[PDB]
Protein chains: 2
Amino acid sequence: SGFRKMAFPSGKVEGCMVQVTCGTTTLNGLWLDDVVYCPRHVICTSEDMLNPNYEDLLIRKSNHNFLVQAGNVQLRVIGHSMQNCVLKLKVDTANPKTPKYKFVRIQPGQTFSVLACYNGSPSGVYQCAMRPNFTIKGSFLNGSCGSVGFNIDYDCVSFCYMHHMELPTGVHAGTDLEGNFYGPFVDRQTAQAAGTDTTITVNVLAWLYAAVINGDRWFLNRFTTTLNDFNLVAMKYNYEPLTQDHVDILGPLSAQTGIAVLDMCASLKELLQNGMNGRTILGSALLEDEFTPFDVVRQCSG
Amino acid sequence: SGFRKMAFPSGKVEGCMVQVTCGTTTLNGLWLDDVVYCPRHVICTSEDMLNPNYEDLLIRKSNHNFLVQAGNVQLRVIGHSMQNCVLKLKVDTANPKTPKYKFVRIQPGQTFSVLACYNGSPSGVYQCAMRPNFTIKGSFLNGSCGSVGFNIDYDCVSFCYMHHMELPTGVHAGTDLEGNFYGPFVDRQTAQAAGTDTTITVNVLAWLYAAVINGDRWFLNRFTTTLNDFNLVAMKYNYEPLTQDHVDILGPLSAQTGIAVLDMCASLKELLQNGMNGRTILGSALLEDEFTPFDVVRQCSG
Ligand SMILES: *[C@@H](CCCl)C(=O)c1cccc(C(=O)N[C@H](C(=O)OC)C(C)C)c1
Ligand SMILES: *[C@@H](CCCl)C(=O)c1cccc(C(=O)N[C@H](C(=O)OC)C(C)C)c1
């Protein structure tokens, strides 16, 4: 019993974190086999941050301009290249702790664990969701760039996020491990801002099932609704549309609780229209949308 | 920016988790140097669960009755003993991954990371607080017994919790690493239940400071209060009394935000008396009390 925002165990990732310094700029890197991955803005300085041409900046560097430290061991850089917004530093040593891994790009509404790091040293681990507007609501301080987001499936680490910046609203933006940004953000100084966001409906319904599995039932009702009528309400409250595929994905949880998906949707409609009247669900007084159906099944199966 | 429930990186702990089987009962153990620690109820069977005499149960076992598996390696048990409600299994191999560690008992209102494990395999990591009534609101399924709670300070792991059981309300109880229960709970089948609980005031105030540091200011006011008047309100809302030591502990956060502790207490009094009028603080619609002053300083310093 119980329902917590749970992250994957971080040890496999911890053994990949290093510190990358170029000039007086330092940040974190990810050491896999004989390559270190980090944000390419490590080669930029305060003077070029407005319209930097990264191809020019990199052509003017050599391997000796990069210091890579893995704990108290200095790694010799033997090559450097750029891939989109990530820098690849070839080092002369393959990381002996490299896990089985994949570079996967995630979808908005999916969750992942973040290992916050500073100066190549892990500091904390927590769960995040990619928002519909392609930002993440992280916890990151100065020096956290290069920290990564990941999921683990049977000892294989699927890396999905590298941290690059903080937007003016305090939310965060970055890229996939191939250096391609999530969202319409760039690694330079502009007035860029998070676009409008929406609530991830399928996740809210998953979490209502979690709650039922954990004995919170007060929000249930005898009613049902059609998908079309439900989605009329969703649109009114800035919730994403629910699709038949979402209904199918919720099938297992529906079957375990005996509550049809469109029945739980009737409950969600009532909650949106009426609030909670002072009650809580799984210890929250608002509707939580950063648990996927998979997250719920993982933590609630028993 | 940002504020998340953040756990410590779990890798140091992950390398200590093993599986312990006695008969058909299996659970998790903690392998440090050449000792494996686990709940002593692993030696109990369904027939004895009402009034087990553990001294009798253990005298009837030998080393060969315990199977310890560390990954795919079987560890040879060469001794067994009991210490309060934990079993100590001496094995013939010192864990090469043993971190620097301490066994420390924590106070109600303090937080710690939990590494949930099944069959000696880590599954997830999350933050918990020891409640004033000595329970924890965890996330644990069948097979999670023997999972541990810990804090990490400069590479030294302070273990503070081993998981033993789930109470009827779905909250959790266990012991310290010396096998002494937190709270008035026992490792046998009774009608035992969590006692009345209260909210951890000093932590709520810490979190209000976190919020101010992260730009949530709407709940601030021009008022102050005395400690005595504040505590009259606290008692009315089932909040713990605030002490001068709590005020002193909040000194740094007060100084960073420029908001005197008793000023923030005036804000808390208004929030308790009036609710939030539909607003949120750090993405919550209720007052959060599972962050200590230390947790806030760790995550907000920048
Ligand atoms: C980024 C963490 C943000 Cl939450 C981080 O650790 C970091 C390290 C080093 C340098 C920067 C940085 O800000 N670089 C500039 C920038 O602001 O990005 C747009 C450059 C000069 C464009 C960040
Ligand atoms: C406990 C996890 C609870 Cl959230 C766990 O993994 C476990 C493993 C093996 C056996 C038990 C168990 O329940 N034992 C009995 C009990 O219910 O504890 C009071 C014994 C027989 C007293 C739990």
# chains A, B, ... in the order shown; residues from 1 in each chain; ligands from 1
>>> residues_around(residues="residue 22 of chain B", least_positions_apart="2", cutoff="6 Å", atoms="only C-alpha atoms", output="list in words")
residues 25, 65 and 66 of chain B
>>> interface_residues(of="chain B", to="chain A", cutoff="7 Å", atoms="only C-alpha atoms", output="ChimeraX atom specification")
/B:1-11,14,122-126,137-142,170,285-286,302
>>> atom_distance(atom1="atom CA of residue 206 of chain B", atom2="atom CA of residue 297 of chain B")
8.8 Å
>>> select_by_dssp(residues="segment 14-254 of chain A", states="alpha helix (DSSP H)", output="VMD selection string")
chain A and resid 14 54 to 59 201 to 213 227 to 236 244 to 249 251 to 254
>>> residues_near_ligand(ligand="ligand 1", cutoff="9 Å", atoms="only C-alpha atoms and all ligand atoms", output="ChimeraX atom specification")
/A:24-28,39,41-52,118,138-147,163-167,170-173,186-190 /B:1
>>> residues_around(residues="segment 251-256 of chain A", least_positions_apart="5", cutoff="10 Å", atoms="only C-alpha atoms", output="count of residues only")
19
>>> residues_around(residues="segment 175-182 of chain A", least_positions_apart="5", cutoff="9 Å", atoms="only C-alpha atoms", output="ChimeraX atom specification")
/A:37-40,82-87,103-106,130,133-135,148,159-164,187
>>> write_last_selection(atoms="N, CA and C atoms", output="compact mmCIF listing (two decimals), in the first residue's frame")
# COMPACT_ATOMS: atom_id res chain seq x y z
N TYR A 37 29.37 12.75 -22.93
CA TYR A 37 28.32 13.59 -23.54
C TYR A 37 28.03 14.76 -22.60
N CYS A 38 27.96 15.99 -23.13
CA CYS A 38 27.59 17.11 -22.26
C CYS A 38 26.99 18.23 -23.09
N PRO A 39 26.36 19.23 -22.46
CA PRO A 39 25.77 20.32 -23.28
C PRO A 39 26.88 21.07 -24.03
N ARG A 40 26.64 21.38 -25.31
CA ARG A 40 27.71 22.08 -26.02
C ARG A 40 27.92 23.51 -25.50
N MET A 82 30.69 17.70 -32.28
CA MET A 82 29.38 18.14 -31.84
C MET A 82 28.31 17.32 -32.54
N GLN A 83 27.23 17.04 -31.83
CA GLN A 83 26.04 16.45 -32.43
C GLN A 83 24.84 17.26 -31.92
N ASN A 84 24.28 18.09 -32.81
CA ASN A 84 23.19 18.98 -32.44
C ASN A 84 23.65 19.76 -31.22
N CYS A 85 22.92 19.78 -30.12
CA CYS A 85 23.32 20.63 -29.03
C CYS A 85 24.12 19.88 -27.97
N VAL A 86 24.63 18.69 -28.28
CA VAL A 86 25.50 18.00 -27.33
C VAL A 86 26.92 17.94 -27.91
N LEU A 87 27.87 17.94 -26.99
CA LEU A 87 29.28 17.79 -27.33
C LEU A 87 29.63 16.35 -26.99
N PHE A 103 19.58 5.31 -26.01
CA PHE A 103 19.24 6.71 -26.07
C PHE A 103 17.86 6.72 -26.72
N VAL A 104 16.84 7.07 -25.96
CA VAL A 104 15.48 7.07 -26.43
C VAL A 104 14.88 8.45 -26.23
N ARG A 105 14.05 8.94 -27.12
CA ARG A 105 13.43 10.20 -26.91
C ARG A 105 12.04 9.93 -26.37
N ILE A 106 11.61 10.66 -25.37
CA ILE A 106 10.28 10.41 -24.78
C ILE A 106 9.22 11.36 -25.31
N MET A 130 7.48 14.87 -18.68
CA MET A 130 7.67 15.81 -19.73
C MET A 130 6.31 16.43 -19.89
N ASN A 133 3.91 20.95 -22.94
CA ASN A 133 4.62 22.05 -23.63
C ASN A 133 6.12 21.81 -23.70
N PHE A 134 6.55 20.58 -23.44
CA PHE A 134 7.94 20.14 -23.60
C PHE A 134 8.86 20.77 -22.57
N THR A 135 8.33 21.29 -21.45
CA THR A 135 9.23 21.65 -20.36
C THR A 135 9.13 20.55 -19.29
N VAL A 148 21.18 14.17 -16.13
CA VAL A 148 20.39 13.42 -17.10
C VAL A 148 19.11 12.84 -16.48
N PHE A 159 18.35 6.43 -21.49
CA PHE A 159 18.53 7.86 -21.25
C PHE A 159 17.61 8.68 -22.15
N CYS A 160 16.89 9.62 -21.57
CA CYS A 160 15.97 10.40 -22.41
C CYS A 160 16.17 11.90 -22.29
N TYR A 161 16.96 12.41 -21.36
CA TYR A 161 16.98 13.86 -21.13
C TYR A 161 18.37 14.28 -20.67
N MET A 162 18.86 15.38 -21.23
CA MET A 162 20.00 16.07 -20.66
C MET A 162 19.62 17.51 -20.40
N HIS A 163 19.95 17.99 -19.22
CA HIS A 163 19.58 19.32 -18.79
C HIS A 163 20.43 20.44 -19.36
N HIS A 164 19.78 21.43 -19.96
CA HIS A 164 20.48 22.58 -20.53
C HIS A 164 20.21 23.94 -19.95
N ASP A 187 19.78 26.84 -27.17
CA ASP A 187 20.85 27.04 -26.22
C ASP A 187 21.61 28.33 -26.43
>>> atom_distance(atom1="atom CA of residue 109 of chain B", atom2="atom CA of residue 201 of chain B")
9.1 Å
>>> select_by_dssp(residues="segment 17-238 of chain A", states="strand (DSSP E)", output="MDAnalysis selection string")
chainID A and resid 17:22 25:32 35:39 66:70 73:75 77:83 86:91 100:103 111:118 121:129 148:153 156:166 172:175
>>> closest_residue(among="B:154, B:185, B:237, B:112", to="ligand 2", atoms="only C-alpha atoms and all ligand atoms")
B:185
>>> closest_residue(among="B:62, B:192, B:151, B:203", to="ligand 2", atoms="only C-alpha atoms and all ligand atoms")
B:192
>>> residues_around(residues="segment 221-235 of chain B", least_positions_apart="6", cutoff="7 Å", atoms="only C-alpha atoms", output="list in words")
residues 241, 242, 262, 263, 265, 266, 267 and 269 of chain B
>>> atom_distance(atom1="atom CA of residue 100 of chain A", atom2="atom CA of residue 100 of chain B")
27.3 Å
>>> decode(residues="segment 160-189 of chain B", atoms="N, CA, C and O atoms", output="short mmCIF file (atom, residue, chain, number, x, y, z; two decimals), in the first residue's frame")
data_model
loop_
_atom_site.label_atom_id
_atom_site.label_comp_id
_atom_site.auth_asym_id
_atom_site.auth_seq_id
_atom_site.Cartn_x
_atom_site.Cartn_y
_atom_site.Cartn_z
N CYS B 160 18.88 4.27 8.87
CA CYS B 160 18.01 4.57 10.01
C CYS B 160 16.76 3.71 10.08
O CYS B 160 16.07 3.80 11.09
N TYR B 161 16.43 2.91 9.06
CA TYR B 161 15.13 2.24 9.05
C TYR B 161 15.25 0.91 8.34
O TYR B 161 15.95 0.81 7.30
N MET B 162 14.65 -0.12 8.91
CA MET B 162 14.40 -1.36 8.19
C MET B 162 12.93 -1.68 8.25
O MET B 162 12.31 -1.60 9.33
N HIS B 163 12.36 -2.01 7.11
CA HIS B 163 10.94 -2.26 6.99
C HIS B 163 10.48 -3.61 7.49
O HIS B 163 11.02 -4.57 7.10
N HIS B 164 9.49 -3.61 8.37
CA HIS B 164 8.94 -4.85 8.92
C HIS B 164 7.49 -5.18 8.63
O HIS B 164 7.19 -6.32 8.51
N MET B 165 6.62 -4.18 8.56
CA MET B 165 5.20 -4.42 8.36
C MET B 165 4.32 -3.27 7.93
O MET B 165 4.68 -2.16 8.01
N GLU B 166 3.12 -3.62 7.52
CA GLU B 166 2.14 -2.65 7.14
C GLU B 166 1.00 -2.70 8.14
O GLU B 166 0.53 -3.74 8.46
N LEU B 167 0.60 -1.56 8.67
CA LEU B 167 -0.49 -1.48 9.62
C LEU B 167 -1.82 -1.43 8.89
O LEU B 167 -1.84 -1.21 7.73
N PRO B 168 -2.93 -1.61 9.61
CA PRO B 168 -4.23 -1.64 8.91
C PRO B 168 -4.60 -0.38 8.13
O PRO B 168 -5.43 -0.50 7.22
N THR B 169 -4.12 0.82 8.50
CA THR B 169 -4.45 2.02 7.74
C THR B 169 -3.61 2.15 6.47
O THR B 169 -3.73 3.15 5.76
N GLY B 170 -2.76 1.20 6.19
CA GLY B 170 -1.88 1.30 5.02
C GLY B 170 -0.59 2.03 5.24
O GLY B 170 0.18 2.21 4.25
N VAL B 171 -0.28 2.46 6.48
CA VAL B 171 1.00 3.06 6.83
C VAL B 171 1.93 1.96 7.32
O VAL B 171 1.54 0.81 7.47
N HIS B 172 3.17 2.30 7.53
CA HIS B 172 4.23 1.31 7.66
C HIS B 172 4.99 1.45 8.95
O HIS B 172 5.17 2.55 9.48
N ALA B 173 5.49 0.30 9.43
CA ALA B 173 6.27 0.33 10.66
C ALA B 173 7.51 -0.54 10.55
O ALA B 173 7.52 -1.56 9.83
N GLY B 174 8.55 -0.12 11.25
CA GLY B 174 9.76 -0.91 11.27
C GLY B 174 10.67 -0.54 12.38
O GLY B 174 10.27 0.11 13.33
N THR B 175 11.93 -0.88 12.22
CA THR B 175 12.89 -0.65 13.24
C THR B 175 14.07 0.14 12.78
O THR B 175 14.25 0.40 11.64
N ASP B 176 14.93 0.43 13.73
CA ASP B 176 16.25 0.95 13.45
C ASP B 176 17.18 -0.28 13.10
O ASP B 176 16.79 -1.40 13.16
N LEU B 177 18.39 -0.02 12.67
CA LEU B 177 19.27 -1.12 12.30
C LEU B 177 19.76 -1.95 13.49
O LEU B 177 20.41 -2.91 13.30
N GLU B 178 19.52 -1.48 14.70
CA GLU B 178 19.73 -2.36 15.85
C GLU B 178 18.52 -3.18 16.18
O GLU B 178 18.53 -3.86 17.23
N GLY B 179 17.45 -3.11 15.40
CA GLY B 179 16.31 -4.00 15.60
C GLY B 179 15.31 -3.47 16.61
O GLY B 179 14.41 -4.22 17.03
N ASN B 180 15.39 -2.16 16.95
CA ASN B 180 14.48 -1.60 17.96
C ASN B 180 13.39 -0.87 17.21
O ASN B 180 13.70 0.01 16.41
N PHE B 181 12.15 -1.25 17.42
CA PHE B 181 11.06 -0.64 16.71
C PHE B 181 10.90 0.85 16.94
O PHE B 181 11.19 1.34 17.98
N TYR B 182 10.42 1.51 15.92
CA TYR B 182 10.05 2.88 16.02
C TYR B 182 8.60 2.75 16.42
O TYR B 182 7.83 2.15 15.74
N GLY B 183 8.25 3.31 17.55
CA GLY B 183 6.88 3.24 17.98
C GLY B 183 6.46 2.00 18.72
O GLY B 183 7.20 1.11 18.89
N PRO B 184 5.21 1.97 19.11
CA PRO B 184 4.73 0.88 19.97
C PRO B 184 4.19 -0.25 19.16
O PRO B 184 3.01 -0.60 19.28
N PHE B 185 5.01 -0.78 18.27
CA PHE B 185 4.62 -1.84 17.35
C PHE B 185 5.48 -3.07 17.64
O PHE B 185 6.60 -2.96 18.17
N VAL B 186 4.98 -4.23 17.26
CA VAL B 186 5.65 -5.49 17.48
C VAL B 186 5.59 -6.38 16.24
O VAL B 186 4.69 -6.27 15.47
N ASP B 187 6.57 -7.25 16.08
CA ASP B 187 6.63 -8.13 14.94
C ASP B 187 5.89 -9.44 15.14
O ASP B 187 6.45 -10.48 15.12
N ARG B 188 4.59 -9.32 15.32
CA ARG B 188 3.67 -10.42 15.48
C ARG B 188 2.28 -9.92 15.15
O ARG B 188 2.04 -8.73 15.05
N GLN B 189 1.34 -10.84 15.07
CA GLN B 189 0.00 -10.50 14.61
C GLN B 189 -0.84 -10.04 15.79
O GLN B 189 -1.17 -10.83 16.69
#
